[PDB]
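Going down the list, the sequences are from chains Z, S, X, Y, P, Q, a and R. Residue numbers are given in the authors' numbering: position 76 of the first sequence equals residue 76, and the series is strictly consecutive. Just remember that the authors' numbering sits 2 ahead of the position in the second sequence, which is counted from 1. Residue numbers are given in the authors' numbering: position 22 of the third sequence equals residue 22, and the series is strictly consecutive. Residue numbers are given in the authors' numbering: position 165 of the fourth sequence equals residue 165, and the series is strictly consecutive. Residue numbers are given in the authors' numbering: position 162 of the fifth sequence equals residue 162, and the series is strictly consecutive. Residue numbers are given in the authors' numbering: position 93 of the sixth sequence equals residue 93, and the series is strictly consecutive. Residue numbers are given in the authors' numbering: position 7 of the seventh sequence equals residue 7, and the series is strictly consecutive. Letter by letter, the eighth sequence follows residues 1 to 117, 125 to 242 of the authors' numbering.
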Amino acid sequence: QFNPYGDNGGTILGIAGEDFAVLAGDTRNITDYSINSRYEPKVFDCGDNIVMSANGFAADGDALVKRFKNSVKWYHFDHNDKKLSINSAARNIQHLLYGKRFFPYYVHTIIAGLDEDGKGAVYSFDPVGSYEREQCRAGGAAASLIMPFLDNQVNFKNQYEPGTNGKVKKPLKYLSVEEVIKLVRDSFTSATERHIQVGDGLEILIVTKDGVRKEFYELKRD
Amino acid sequence: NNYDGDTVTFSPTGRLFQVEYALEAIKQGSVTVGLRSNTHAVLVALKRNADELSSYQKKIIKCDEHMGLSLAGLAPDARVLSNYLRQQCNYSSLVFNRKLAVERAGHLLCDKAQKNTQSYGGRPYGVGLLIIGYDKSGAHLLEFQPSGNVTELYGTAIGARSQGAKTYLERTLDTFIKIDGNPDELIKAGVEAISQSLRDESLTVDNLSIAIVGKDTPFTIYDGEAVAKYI
Amino acid sequence: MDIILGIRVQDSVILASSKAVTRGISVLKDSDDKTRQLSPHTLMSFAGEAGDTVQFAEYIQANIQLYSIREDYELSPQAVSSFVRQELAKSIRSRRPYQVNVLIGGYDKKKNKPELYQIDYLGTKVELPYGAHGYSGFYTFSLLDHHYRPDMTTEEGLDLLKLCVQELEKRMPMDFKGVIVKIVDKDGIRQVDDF
Amino acid sequence: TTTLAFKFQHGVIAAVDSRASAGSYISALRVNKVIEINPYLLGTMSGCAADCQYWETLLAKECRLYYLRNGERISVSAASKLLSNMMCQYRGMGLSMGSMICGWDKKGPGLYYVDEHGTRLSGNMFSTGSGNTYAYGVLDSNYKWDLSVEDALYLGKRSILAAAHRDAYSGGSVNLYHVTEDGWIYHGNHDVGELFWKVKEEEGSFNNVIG
Amino acid sequence: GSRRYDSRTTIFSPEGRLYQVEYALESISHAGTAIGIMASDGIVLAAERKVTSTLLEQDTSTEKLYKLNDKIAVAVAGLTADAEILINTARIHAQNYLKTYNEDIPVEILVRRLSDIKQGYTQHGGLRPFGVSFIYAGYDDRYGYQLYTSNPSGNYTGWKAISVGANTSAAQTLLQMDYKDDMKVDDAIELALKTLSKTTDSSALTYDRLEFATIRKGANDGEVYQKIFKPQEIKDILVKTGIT
Amino acid sequence: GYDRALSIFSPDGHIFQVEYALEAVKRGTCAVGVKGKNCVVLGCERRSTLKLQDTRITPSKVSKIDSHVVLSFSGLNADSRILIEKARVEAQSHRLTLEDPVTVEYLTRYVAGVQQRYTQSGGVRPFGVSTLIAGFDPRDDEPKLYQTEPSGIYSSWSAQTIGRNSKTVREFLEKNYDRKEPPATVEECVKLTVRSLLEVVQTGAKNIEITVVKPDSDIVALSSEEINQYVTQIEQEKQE
Amino acid sequence: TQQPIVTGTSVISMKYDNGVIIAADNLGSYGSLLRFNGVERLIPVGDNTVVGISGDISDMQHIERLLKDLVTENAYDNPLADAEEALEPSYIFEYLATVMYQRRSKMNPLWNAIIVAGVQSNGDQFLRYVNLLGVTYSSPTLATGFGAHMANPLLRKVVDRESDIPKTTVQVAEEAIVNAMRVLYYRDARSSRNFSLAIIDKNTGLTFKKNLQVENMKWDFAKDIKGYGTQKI
Amino acid sequence: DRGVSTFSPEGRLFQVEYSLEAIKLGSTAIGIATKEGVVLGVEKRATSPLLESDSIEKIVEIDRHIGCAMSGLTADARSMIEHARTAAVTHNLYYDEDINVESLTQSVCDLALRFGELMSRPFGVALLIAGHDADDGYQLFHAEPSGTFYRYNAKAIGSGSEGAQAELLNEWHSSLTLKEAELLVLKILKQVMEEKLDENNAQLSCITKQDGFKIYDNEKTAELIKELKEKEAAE
Ligand SMILES: *[C@@]([C])([C][O])[C@](*)(=O)[C]([C]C1=[C][C]=[C][C]=[C]1)[N]C(=O)[C]([C]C1=[C][N]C2=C1[C]=[C][C]=[C]2)[N]C(=O)[C]([C])[N]C(=O)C1=C([C])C2=C([C]1)[C]=[C][C]=[C]2
Ligand SMILES: [Mg+2]
């Protein structure tokens, strides 16, 4: 019997800063125990200062991104070159996904950018369109490996202030882009060690008011 | 006379009067000029207002990053035809990862307009279009008529009093074709061309509309204080 | 839903219907009224799959109310029961059938007679002196076979009905949270608020 | 999920948890399971998140159009029915959506339970989700019509807490709403970790747990 | 295109009339007269066949009176072919109702249905209307004995006594004169025939130029019988009433 | 399908088919609507050219759309049945989807929308019918009276008349009906409705039909004798 | 939904400094039966592109006809059909990728794995994969079926990353491809000795080599192997 | 007869031009745009004194940030309004935001030329669409049955349009307040109306960023009418 779905592995990671956002993802593409590509871009600049990644079944992911990029193009045509806000993009993507509620795009999607007040924004989706704005989100194969680390190191969960002994929490001080990129690189290095579908390369897309910037880092190829 | 009731009827001399009447709507429309060099292509359009309280009707429409047009006649028909071009330019990109050739865009418009001239019930399009674009064979300018006839040109003009601008371009042919790597000078030649079609009124800041596309220049429209430089 | 009973006495029809509604392992409601008035002298109780029951009942209600307005006339219980049967018989061969069993209790003003019709989800109609759907009849029909007379009063009908509910409450494993009882006679439809 | 909602003297209380699961994995610590349809209408969410979000967001579109056509706000009864009718179109197609439509209209406060089977029930108290049984225990033994706004808010809060503790698929935080005739009023996000220890000490409950 | 040849059958005149309906009524005015008379104990239907021949097989012929079901019958005035289209539709509606409700269709409901079909042809579809006027004779247990008429406009009305087809103006005046409310079937039979005998364009009214029918509770006990008269039976009633 | 555009604009900006539909309404029998302080009354003319009529079974001029709303009309009788049916279906459809009966304003807006649709749809002609739609909204004691016409426009009226010689009875209503103090009782409301028809009707015998609609689904049709008593009292006061 | 009947095995390919190489054997298998021995599974499109196809042959012949029709259609009203507006490898791939993903979305896939190899207008190497699921990816080396498991490891020793492409000559690349084809003949039970090889170079254009054979095979050591454990004779 | 989508020898669609004549017969509607808001006002024109004038609804809400006035065959406007409301709320569903006034107008105007032998004829009604959005601020559009729409600083449509438009030509300036605009609409309405203007036969409305679209009470308008009379008597 024909199986229309597949699993191309990979892992993605979005973190929202005070006035910036990052969306990262490994560049490895796989089927079963084989490597298709060591460098196959997975995170895309979709225009209007928005970055997007649909991780899981690559065919469905590429189709979704292609369709959303197309939605942005037609938004400009239909609404006098108005900029598509990150909240408006998120709602648009919900409808793209739920339109195939009974034959789902088999992907976990994440977009990142800046809200209309200039603050960093990440939005996270499920395969059938349910979404919400979040501060931190890892998606894909090693999502369960990475998310707890981020609960601990980004939102300071289970961390208290010494001497008080569990009475006073660690205060939620904001993170700089340099600090976030460290947590991203350590997150992927750790995921690469313990997950066979993660490796080869890491590509990070950083979003600020100045635009979209890219950073690439090597990962273990085993 | 007896043979102008619908588009499905030839006259005794082999004329299609409904198509000719649709052609008449273009002559009533405001003037628009098109011209190109080897590097860039430029549209210049005289916008028309209803009165002093009203805005100036937009004339230029973007179809893709590398293609767009200016209109003269029934504006809603231009919206339909430009929407069709947007879809066709987009079908070429999504399916073939290919920017639609300006010549092929003209062929598609011709064939769309033609179907309306041979069938009962419908009507011809009541608008003329000047399509500019930059593709793999350089800069291009097309003139569309709702009879179906599409023509590739160095320069042209359509609308009321368009003959004056068309004569100017016919003289200036050898000069403006050579304006390579100089967008501002090519626009100047277009603004000077459209000026030959003006009477009583002159080019003001909210009157003039300009668009350009080229080698390293996406299709962009200039309105308002952005065209004060060229007045 | 679970249990719906019906009994036709001398001059009225009495319908008793359970109050429970269950989702998963939790009883969400213990005061549900599993019935719709189709016309002033015609009442329909229902039981079957979740959702389908109310949708079907309301759809029937709307159609009879439309007939009443159009003709300025109340359809006989027999006519209504035949309409309902055809809709269920039509439904059973549909893509997704409506899984609903009904009792129709009505008082025919022309003949001056009470009438009770039992119709299952297949479109199986029978006129009866007393009726039930599902497992309800397994416990109650022996009592009704024994005690039922056609010349019974409304009060005797209610007493025989109380005996039926008591037997159900004793020998059924499920808690159906008592019943709402309604009486259909020449004067119309009224609910017995204490049962 | 666990969600609950109940009518009382001073309107209706609505309380939900904030967890989301993908098997044993807790996929979200803080999801919003209440939708603000309009200033006087709320909707709770339980089941498939996508279904809950899509159809209740669409319900809000349809309730807004009602206001534009009629120049009056939609009733809670009508709003619940529009939603139950949406469920009946996708009857058997595999949706999963359990919700309470809470609000205040001309008949006073209203509360309707609606699920994917097209069920539509009116009542004074409801609770949906994997942890509804735990919530019902507290609600049933403590509920009165004569509750004060302060005591009612606490009951809804404490009932979710009970469920969050025992139900593995309920937790994260508690979101409280109070619906009045001037509209709904949000009463905050309450972390269950902190709330548990607080309630344990102040109430003396959860004696078996060590803290 | 095709527009050139469209007569536009469904339009108003400047005066607010429907051309085709008015012209259809003009057609019907040349058709053989049909009369219906309602009595307390039954209904009479009498109708005149149009200029017949001696070689027409009368006993097997039917152009005027048709049976819709056991309780309802109609008299036709206009195009017979058009009438048969409508009659077969009405026969189906009556059976659809019987299947649905397990009761015989009330007369008015059947009449309204046929009249709604006629109406549709005057408002949409661009087709010519049916050039037919019906007299409906029927019985049901709500209103008892009932007479109705419908015409190409799709408008219907109830009557105690009525005529359609030719010379309705003259026929209605004669009926209005001699009709009384306490009248009986045997008296109504006589009135119907006498009216036709005076209004007819023929020289003399004979059995071979008539179709006749009665709907009586003159059936054994509480039930209704339809009687489509045979040629010999029409001959006998003509002698009985003293016309031939 | 038959798609022919029958209702179209003329050079002077008129849709003749819609205007000729109004002429069909002008031909129709007179209908009148008067709302009192706690009621609405609908009066209707019956032309006495048709005797030997069976009044038991003949279609009545006033039609119930629901238990709380009624509809009378002037114009083509066959056309009116189609609007009435559609209205009755929409009334049950509203109860089924929204769980409230239609408001009088909503029902009017629907019927008016149907009439409008038949003025710019292909292959169809406009309804040769104007309607008076009256009743009381659920749990409301304020009277409602609306009018519709072939074009599809509708509006609310304190009192209104349509049909043949409606110009005359409207003239009567305009001088006799006071807005500051409307017919306080049912009697006064019916009396004013009968008086208005007596300007046009001819004989006050079986030519006048009256239907009184009161709040909370209280609708009754007056009989011949009841109306005849109003006719008697009016003329006896007039002899002075 | 179907099952593949007549099938072609591995298609292998790689980039080198001035272009791309692609290869595939000439066998059409019918299950374990080696039915058809003269099947061409590399299909040139113009003089700048070669499409290599594995999987169901009937679907391959269908795709072959779509490409033939694509060339015809591109020439229509196109004075620059053999110049600026000629078909690019990227156009051909995207078309096929669109078709493949549409067909899988209708639950009626073309049961194939396809590699489009070619050189673009600007001289850039093009090498991209697509299959019955509509899944696409690009890499310095690409291979289908068994080739993915056995050829890629060998080809990746020559070009391990992007920076190794300019350092790899056509002689070294062809040598690696030919060795890979030999290894596949040793170890793939649905492979044949006969194969075809195509080189698309930005300077020398399209070179299409037919009737190639696997040679220099090692079998002599087999004579010494006796029994399955304890047997000496 | 002749096609519905036929061109005249001058290059105009007969039916579109004829619908414009129907709009000239309609009751007057005026719109004035300012930096403090956009004002919409209409002539009700009741055919009889028994007609309850408050049921005349010629000013209509499309969304909280968009209002609409009509003139001509007002029955034709109902389907246009329904489409506008649906388009406005549907865009809010898809994009979680208010829709631009221009985009809403463009959606309404797309219906216009969908006629032939789709609906059988063009609409016999013109619309003044007024609203506010964050990108282009306060806006006033004039939507015709031709499918064309012009933006206006001030515009009058209906029977007294050319007389009112000439008056709007002189009176409008870029520094008008909301109060000044209100009186100006009342002034010009009073000038072109047959009957004497009062709170019962004329209606005002406005759209502001803060409060959104509001139809004015008869008591509120009555005061503005009284304020107008006094300031005209002041010189
Ligand atoms: C309980 C917390 C779960 O038992 C409750 O029922 C919630 C309700 C809820 C409502 C709105 C938003 C989120 C949750 N349900 C879920 O958490 C469901 C449970 C479920 C899993 N499979 C399934 C379920 C229910 C019915 C059929 C099948 N969880 C989900 O729907 C899963 C698919 N959701 C996610 O994974 C989400 C992710 C990731 C995510 C979401 C939802 C929202 C925002 C960002 C990311
Ligand atoms: Mg690894």
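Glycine included, C-beta positions come from ideal geometry on N, C-alpha and C.
Per DSSP, cross-strand counterpart(s) of residue i
i, result
"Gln-146 (chain P)", "P:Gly-138"
"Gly-36 (chain P)", "P:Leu-45 and P:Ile-162"
"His-178 (chain Y)", "Y:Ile-13 and Y:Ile-185"
"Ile-206 (chain Z)", "Z:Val-22 and Z:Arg-213"
"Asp-25 (chain a)", "a:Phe-195"
"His-108 (chain Z)", "Z:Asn-55"
First through last residue of the beta strand (DSSP E) which encompasses residue i
i, result
"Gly-1 (chain P)", "Element bounds for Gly-1 (chain P): n/a, residue is neither H nor E."
"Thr-158 (chain S)", "157–160"
"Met-14 (chain a)", "11–16"
"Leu-132 (chain S)", "129–137"
"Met-97 (chain Y)", "97–105"
"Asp-186 (chain Z)", "Careful: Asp-186 (chain Z) lies outside any beta strand (DSSP E), inside the alpha helix (DSSP H) at 177–194."
Limits of the unbroken alpha helix (DSSP H) element including residue i
i, result
"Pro-77 (chain X)", "77–92"
"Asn-70 (chain Y)", "49–70"
Same chain only: Cβ atoms within 6 Å of residue i, ignoring 5 sequence neighbours per side
i, result
"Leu-67 (chain a)", "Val-45"
"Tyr-98 (chain X)", "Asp-52, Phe-56 and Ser-91"
"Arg-38 (chain S)", "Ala-141 and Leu-143"
"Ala-230 (chain S)", "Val-207"
Own chain, CB closer than 7 Å to residue i, minus 5 neighbours either side, in chain order
i, result
"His-41 (chain X)", "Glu-74, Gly-106, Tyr-107, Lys-109, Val-184 and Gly-188"
- Using a Cβ-Cβ cut-off of less than 8 Å, list which residues of the segment 112–130 of chain S approach chain P; keep chain order. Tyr-122 and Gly-123
- Identify each residue in the segment 1–31 of chain Q for which the Cβ-Cβ distance to at least one residue of chain R is less than 8 Å, and report them in chain order. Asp-3, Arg-4, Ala-5, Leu-6, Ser-7, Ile-8, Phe-9, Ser-10, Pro-11, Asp-12, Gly-13, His-14 and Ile-15
- Examine the Cβ distances between the segment 103–112 of chain P and the segment 63–75 of chain P and report whether three or more of them are shorter than 8 Å. yes
- Evaluate the contact criterion for the segment 211–225 of chain Q versus the segment 24–44 of chain Q: three or more CB pairs, one atom per stretch, below 8 Å. yes
- Message: Using a Cβ distance threshold of 8 Å, determine whether the segment 24–32 of chain S contacts the segment 150–158 of chain S, with at least three qualifying pairs required.
- Response: no
- If you measure beta-carbon to beta-carbon, which residues of the segment 68–83 of chain Y are closer than 8 Å to chain Q? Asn-70, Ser-75, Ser-77, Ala-78, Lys-81 and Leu-82
- Which of the residues in the segment 2–29 of chain P, read from start to end, lie with their CB under 9 Å from any CB of chain X? none
- So, do the segment 19–26 of chain S and the segment 3–11 of chain S have three or more beta carbon pairs nearer to each other than 8 Å? yes
- Query: Going along the segment 25–58 of chain X in order, which residues come within less than 9 Å of chain Q, judged by CB to CB distance?
  - Reply: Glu-58
- Query: Would you call the segment 69–79 of chain R and the segment 131–150 of chain R touching, i.e. three or more CB-CB distances under 8 Å?
  - Reply: yes
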